[PDB]
Structure formats: structure tokens, C-alpha cells
Amino acid sequence: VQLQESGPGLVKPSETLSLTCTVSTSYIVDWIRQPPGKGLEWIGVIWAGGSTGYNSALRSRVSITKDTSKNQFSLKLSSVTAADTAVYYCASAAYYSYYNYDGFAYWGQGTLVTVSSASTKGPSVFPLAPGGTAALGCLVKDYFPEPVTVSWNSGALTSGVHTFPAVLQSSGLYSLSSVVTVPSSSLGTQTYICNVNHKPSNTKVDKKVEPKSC
Amino acid sequence: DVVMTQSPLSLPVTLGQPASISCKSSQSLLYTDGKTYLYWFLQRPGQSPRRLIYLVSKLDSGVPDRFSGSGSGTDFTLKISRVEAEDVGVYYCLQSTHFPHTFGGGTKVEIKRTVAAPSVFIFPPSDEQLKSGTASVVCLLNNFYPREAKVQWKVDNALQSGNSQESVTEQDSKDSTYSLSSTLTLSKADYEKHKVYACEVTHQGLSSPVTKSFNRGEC
Ligand SMILES: Cn1c(CNc2ccc(C(=N)N)cc2)nc2cc(C(=O)N(CCC(=O)O)c3ccccn3)ccc21
């Protein structure tokens with residue numbers, strides 16, 4: 001069982017948050033959310049056959065529907081505010097019969113949804129230039145909204161990589177650093193490139209990191 | 001709503017030792033079909049929650065046998081027979097016997113490993129950034145344990161305040177350490193007014209505080 005989650009990662013206050021979940025029996029599908037740095041909150045369920053149940057804490061702003069022919073499920077949350085900013089998860093389970101059903105067995109990768117009136121902005125990428133260990137990295141500055149993904153040497157370099165949680169600056173833009181420790185002896189022979197991707201602004205930046213010229 | 005009280009909130013454990021996480025419900029979780037819809041999940045850093053247990057004691061396929069669940073009615077327990085480094089993260093219990101379904105507040109398992117001093121590195125702002133009118137100075141504290149660390153920025157020996165931000169990684173699933181990044185932000189004009197930029201680090205693994213520094217403009 002694989003779950004594909006889709007939808008906008010940025011929604012304006014007062015507008016409707018819309019997310020989609022595709023299961024690849026029948027299934028019971030639940031929606032859960034997690035505000036940044038907090039716990040899990042159950043949103044609602046759609047049963048095999050279409051019966052629904054919602055969390056009263058959402059004050060009837062929530063709707064869950066299933067496509068007539070496919071295992072595709074839609075979550076709609078109306079009149080959003082900053083309190084709705086969270087990572088949203090869809091989870092499924094088998095419905096074998098009325099005497100054999102389950103819940104929360106398979107989870108999709110979460111979708112962060114930021115409720116904000118601010119516009120998308122792509123990041124600027126700066127090098128963090130370097131016995132026996134050397135450190136190097138990239139500073140990914142001034143972007144909005146979250147997230148950014150960082151890889152090293154197109155995914156070939158994973159050992160010793162630390163991509164830090166982003167910080168929100170006074171400007172309302174995020175800043176993040178990604179670092180890697182390597183043998184100092186490798187600096188003259190091995191090329192180190194950080195691959196930065198910011199999907200909201202469709203930005204893809206490759207930055208070669210090397211010592212400053214003398 | 002059913003209140004799910006999870007304890008402890010934080011769970012430091014010695015590698016190889018057993019661990020126990022309690023989940024207490026404010027109402028019976030026994031449903032009319034004779035089943036108790038109590039689940040357990042592990043949420044690893046940057047990942048989605050992954051189910052470990054369902055129906056109080058049933059292990060999901062692929063879940064290591066070191067995990068087990070027990071309990072009835074209102075008192076439930078998740079046990080780990082021998083904790084491994086990869087078990088770090090946040091564990092959650094969930095009840096679905098009653099609507100609305102409710103989760104426990106989470107328990108963060110931490111490996112209590114040996115003290116590890118951080119390796120300290122300092123990075124001046126890039127010439128590329130300086131062209132745009134801002135200077136970000138970065139101090140990295142790599143692979144340390146315990147989490148407690150202090151970073152103090154000094155500019156020409158003057159103590160900095162309110163112009164830095166930091167962030168810390170979650171405990172590493174392999175070596176059980178933490179890493180921290182601190183960024184000092186100044187305008188290009190303020191940056192050009194000073195020479196010595198220094199990051200002073202205090203940690204249990206360090207016999208005396210470690211200062212990493214550079215002189216502006218020197219390669
Ligand atoms: C509390 N509860 C349990 C406990 N177990 C449980 C396991 C997993 C989950 C879960 N996956 N969330 C949720 C609960 N099972 C229930 C089945 C029904 C039910 O049959 N109806 C009618 C279905 C129709 O009429 O066809 C229904 C279903 C969803 C919503 C509304 N009504 C109602 C309530 C139930």
C-alpha cells in the first residue's frame with residue numbers, strides 16, 4: 001500500500017485548504033495534522049461506503065470526500081487562519097468486512113500547509129567555505145514558505161550531512177544551513193556541490209563550495 | 001473527548017536497556033465488538049508517524065520483535081525489550097474506540113550516550129552575500145552530547161546580543177549526537193566596521209570554552 005499526498009503548501013487566511021490523497025480493497029481513510037513542533041490531532045474519517053466522522057474542534061469547517069470510481073480522497077478545510085498551519089497527513093487501512101476493519105496502518109508523506117497572506121520567494125544560496133576533519137556547507141537564505149530540500153553531490157554524499165531546521169527571521173523569510181564534515185585531505189581532489197530545491201518558487205540551485213581565493 | 005495521558009514526556013535510556021511508555025485513557029477503550037482500538041506509532045525525525053502496534057498488542061509486519069504492547073480498559077504500555085540507537089524519536093498512542101479519535105501527547109526517546117565534545121567551525125560571510133548588503137556569520141557545533149550547549153558571539157571582543165539565531169538537529173539515529181548552527185546577522189556596513197569575529201562555545205565535553213575566530217578580509 002502506497003499513499004500519494006498532493007496540494008498547495010501555501011493558503012491565504014479566510015480561504016479554503018484543499019488536499020488530495022491517492023491510495024495504490026476497500027479502504028478507510030483518516031486525516032491527521034501536526035502543527036510545527038507539536039503533537040498529532042485527528043481531523044476526520046471517511047469509511048468504506050462513504051460514511052464520515054469529523055473532529056468537532058474543526059467547528060464544521062471540514063469535509064472529506066471520495067472519488068466515485070477511484071481510491072482518491074479529498075480534504076477540504078474552509079475559512080483557514082494561522083491556527084491551521086500544520087503538516088497534514090492522510091492514513092489508510094484495510095476494510096475487509098463490518099467485523100474486520102482497521103485504521104492508521106499506512107501513512108502518506110506529510111504536506112506542510114502554511115496559512116499566510118505573504119507571497120512565495122525563492123532562496124539565495126551562499127557557500128560556507130572551509131586536520132583531519134574539515135566542515136563545509138551552504139546557507140539557504142530568505143525564502144518563503146517552507147520547505148527547502150538540500151542534497152550533496154546529487155545524493156551521492158549523505159554521510160556526515162546535517163541539514164538544520166530553518167529559522168524564521170524578523171523579515172518573515174526563512175534561513176537554513178546545510179553542512180557536511182569531510183576529510184581535510186579530500187578538499188583538493190573532491191568537488192562538493194549543494195543541490196537546493198524550493199518547490200513553491202520552482203527554484204533549483206546548484207552551488208559549488210570551495211575555499212575563498214587568496 | 002477521551003483524554004490520552006502519555007508518560008514520561010522525555011525518556012532518556014541507556015543503549016541495550018529496556019524501556020516502557022505508559023498511555024492512560026480517561027474512558028474505557030473496549031468497543032462493542034470486543035476489540036480495543038489502541039495503537040502505537042513512532043515518528044522519526046523529519047518522517048511521517050509509522051505504526052508499530054494495533055489492537056493493544058498486535059505488531060505490524062516488519063516491526064522488530066523488541067517492541068510489544070500490553071494493557072486493557074484504561075491503562076496501556078508500549079515496551080522495548082532492548083533499546084537500539086535507531087529507536088530515537090517520538091512515540092504516540094492513539095485511541096479510535098471513541099469519536100473524536102485522540103492521541104497521547106508523545107514521548108521522546110533519547111539515547112543517553114557518553115559525553116562527546118563538539119567540533120567547532122566558523123564561516124565568514126561569502127563575497128556573493130556581501131554584494132547584497134547583508135553579512136551572515138555561521139558557527140557550527142558538530143556531533144556533541146549532551147544537547148546542552150552555549151554559543152556566544154564576540155565582535156572585536158564586544159559581546160553580541162539579539163542579532164543571532166540558532167537551530168539544533170534531532171538526536172542522530174546512528175551516533176546519538178546533536179549538531180547546532182548559530183548565525184550572526186549584521187548589515188554589510190556594521191560588518192565592515194569590525195575586524196575580529198569569534199564564536200565561543202561552552203559544553204560538558206570541553207575542559208575549557210573553545211573559541212573559533214577569523215579576521216575580516218583575510219583568506
Ligand atoms: C467508534 N467506532 C468504531 C471503533 N473502531 C474504529 C476503528 C477504526 C477507525 C478509523 N479508521 N478511524 C474508527 C473506529 N467502529 C465504528 C464503526 C461505525 C460505523 O459503522 N459507522 C457507520 C458506517 C456506515 O453507515 O456504513 C460509521 C463509521 C465511520 C463514521 C461514521 N459512522 C461507527 C463507529 C465506530
# chains A, B, ... in the order shown; residues from 1 in each chain; ligands from 1
>>> interface_residues(of="chain B", to="chain A", cutoff="8 Å", atoms="only C-alpha atoms", output="PyMOL selection string")
chain B and resi 33+47-51+99-103+105-106+121+123-126+128-129+138+165-169+179-181+219
>>> residues_near_ligand(ligand="ligand 1", cutoff="7 Å", atoms="only C-alpha atoms and all ligand atoms", output="ChimeraX atom specification")
/A:28-30,45-53,93,101-104 /B:31,37,96-99
>>> atom_distance(atom1="atom CA of residue 9 of chain A", atom2="atom CA of residue 150 of chain A")
18.0 Å
>>> select_by_dssp(residues="segment 37-151 of chain A", states="strand (DSSP E or B)", output="VMD selection string")
chain A and resid 41 to 46 52 to 54 62 to 66 72 to 77 86 to 97 100 to 101 106 to 107 111 to 115 121 124 to 128 133 to 144 149 to 151
>>> atom_distance(atom1="atom CA of residue 5 of chain A", atom2="atom CA of residue 22 of chain A")
6.6 Å
>>> residues_around(residues="segment 205-208 of chain A", least_positions_apart="6", cutoff="8 Å", atoms="only C-alpha atoms", output="ChimeraX atom specification")
/A:125-127,138,191-197
>>> atom_distance(atom1="atom CA of residue 4 of chain B", atom2="atom CA of residue 41 of chain B")
14.0 Å
>>> residues_around(residues="residue 154 of chain B", least_positions_apart="6", cutoff="8 Å", atoms="only C-alpha atoms", output="ChimeraX atom specification")
/B:160,196-200
>>> closest_residue(among="A:187, A:209, A:90, A:17", to="residue 34 of chain A", atoms="only C-alpha atoms")
A:90
>>> select_by_dssp(residues="segment 15-202 of chain B", states="alpha helix (DSSP H)", output="number ranges by chain")
B: 127-131, 188-191
>>> residues_around(residues="residue 62 of chain A", least_positions_apart="6", cutoff="7 Å", atoms="only C-alpha atoms", output="number ranges by chain")
A: 76-78
